[PDB]
Structures are given as structure tokens and as C-alpha cells.
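Heads up, the chain below is alone and in the form deposited in one PDB entry; it's given as C-alpha cells.
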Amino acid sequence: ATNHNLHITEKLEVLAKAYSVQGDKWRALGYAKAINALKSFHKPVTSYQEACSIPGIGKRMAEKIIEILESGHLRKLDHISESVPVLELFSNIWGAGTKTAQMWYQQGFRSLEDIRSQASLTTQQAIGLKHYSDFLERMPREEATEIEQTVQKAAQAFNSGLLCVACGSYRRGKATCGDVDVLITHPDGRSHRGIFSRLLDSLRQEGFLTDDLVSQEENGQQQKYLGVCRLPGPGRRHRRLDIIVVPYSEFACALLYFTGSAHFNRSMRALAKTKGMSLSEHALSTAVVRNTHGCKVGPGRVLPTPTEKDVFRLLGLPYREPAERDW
């Protein structure tokens, strides 16, 4: 759906990113929601009244929208800190957010070279830095597919009945992907256990995993690995690879969560809430039990969901294909 408000959304995106790299996460979020509404409007917004009719756009946002529409410029951009470009440069490093970016800037650092030379780095950030270029580029989905295949092959060597699926933008059908999330489980509900570790050993021993960002993360019965891989062959770049092993009873919700997008997941939690339910990568549950003070005193009951559609059904929603989950 062509954007009939590009000259607007463009300027709005610049201001958004600026708030984002400076810590104003919520304000940046608000902008993002309005920016999406605009991109997909059935016509170029021509009035402040029209703008306000679109959910996600309030008085403040309409003000700016109409200013750009009529004047062609956004005065606020003219007051955006000189630091923004550098804060964005530094935050492009995996492991460094706004606080770290700000710290570096205040220490006089300006280039990725200053960072490499005089900045204190965490293990993750150091890895993020030497793979700056590689990590900044989105890979063709074909490469994501080879990466998924590499993991699945090494995994089925331990148990042929294991189920492996690449999620993220890749599962949403995007031509290119920023990383790869391989979700693994087993239909028998139990044989996924004792797979995670030896799967990582195997992949390391075959030279596929080049660096670890988080070797192991335990979230309930989910085991997650955040790392870096590089397919065999010359000319291959290093890529962000995540591996998640979950028990079959949480497969659908894990699938839903890791497929995203982040905006989709957020809209689904909001909906679940209105129905008195909660949604996580673990399950769809009835809302938690809380005392008079309004505080969790007892967990909700998990509502079984064998497949993704079971999740939509219980939320009273029509199923949406992965391809239609950008928002």
C-alpha cells in the first residue's frame, strides 16, 4: 500500500530516531505508531481534523503533520542535538544502548575508531564492534535459510524427530533478514531436553559458531542462545544467530512470540489484557490473581494452545498469517 504521506513520514522518522537514541523510548514508541498509521493512509492527510480521526494521532502529532504538509518543514528538526548522528553510530553496536552511547560521547569519543581505541567495552560490545559492518547489513533470506539448515542438520543428528523453524522477519517472509532465530522443539513433549548444550558443542566443533553473546539463558523451560555464526566458504559474513529450545506445550506461543514483529506482539498483549488474559513466549494465561493492594499473589492458569491458531481463537481473533504480522 503506497504511502501518500512520504514527505511527512520521512521527516517524522528523523525526529523519532532522534528521541530514541536519546533515551525517550516511550515518546519514540508513540511516534512509531503514528508513523505507521500515516504510511498506510488511504490518502494524503489534508486537514488537522482528518489527522486527529486516525487512532494513534493526537493533537500534538497532528500539529506536526499539518506543519509539514503546509510549510514543507519541521522546525523541531532544526533543534535536534548535534550529538544524534554520533549517538546513533555508537548505539549501532550490539550491546550498546543510549546510556552507553551517551557515556562515550561525553568522554569526547566521536568515531567507531575512537571507541575501538580508547573506550571501555563489555564482552558483548567488543564482539558487537568487530562485527559492526556485518551486523549492520541485512542478509538475503536465502542465507538465513542455509543458516537454519545448518542448525537443523546438527540438531537432527541427536534426534531425528526434532522440529526446527526459523522465526523473525524470515518467517514473516521478508526478502532480507537482520538475524536468524531458530526455534527448536519435539512433538513427544520431552525429547527436546538434553539437546541445547550438545547442539552448541557440535556447532562450535564444526566451526559454525564464531562468537557467543550469551552462551545460555534459562527462561522457565526455555533455553536460549544468543551468538554469532558464519557459513563455511570464502566471502561469508558473520551473522547474528539465536537458538531457542522449548518444550512442545509452549511451542505455539514461542512460535508466535519469536515471529513477531515486536509491534504485533505488543498489540496482542494489549488485546489479551482487555479479555482478562496475558500473553508471553510461554503461554496464553488467565490474568494473575492480585490482593487488595493490587499485586500479584498467584499466577494465572495456562490455557493450552497446541498451535498458533489456537491462540488467536482463544483471543477471539481471526488467524493472521506470519506475512501479515508487521503490525
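Whichever C-alpha set is largest while still superposing within 1.5 Å between the two forms counts as the rigid core. When you see a residue number, it is the position in the sequence shown, counting from 1.
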Problem set entry | Higher-B stretch (mean Cα B-factor, as the entry records it), 315 to 323 or 301 to 309 | 315 to 323
Exercise. Comparing 85 to 93 with 183 to 191, which stretch shows the greater average C-alpha B-factor in the deposited entry?
Worked result: 85 to 93
Problem set entry | Residue, from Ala101, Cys167, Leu112, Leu163, that the PDB entry assigns the highest Cα B-factor | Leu112
Problem set entry | Of the residues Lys33, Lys273, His282, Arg266, the one carrying the largest Cα B-factor as recorded | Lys33
Problem set entry | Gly128 by Cα B-factor - lowest, middle or highest third of the modelled chain | lowest
Seminar exercise, completed: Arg204: C-alpha B-factor third of its chain, per the entry, is the middle
Exercise. Which third of the chain does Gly58 land in by C-alpha B-factor: lowest, middle or highest?
Worked result: middle
Exercise. In terms of the chain's CA B-factor thirds, is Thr145 lowest, middle or highest?
Worked result: lowest
For this session: Could you say whether, by C-alpha temperature factor, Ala28 belongs to the lowest, middle or highest third of its chain?
Result: middle
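Here the subject shifts to the form deposited in another entry, a form of this protein not shown in this document.
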For this session: Tell me, with the core superposed, which single residue in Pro85, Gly220, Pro232, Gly189 has its C-alpha moved by at least 2 Å between the shown form and the other one.
Result: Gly220
Exercise. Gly207: CA shift of at least 2 Å between the shown form and the other one after core fit?
Worked result: no
For this session: Take the rigid core as the frame of reference and indicate whether the C-alpha of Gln107 shifts by 2 Å or more between the shown form and the other one.
Result: no
For this session: Compare the position of the CA of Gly72 between the shown form and the other one after a rigid core fit and state whether the shift reaches 2 Å.
Result: yes
Problem set entry | in the other form, shift in Cα separation for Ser197 relative to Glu217, 3 Å or more | closer
Exercise. Do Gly300 and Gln216 move together or apart in the other form, judged by C-alpha distance changing 3 Å or more?
Worked result: closer
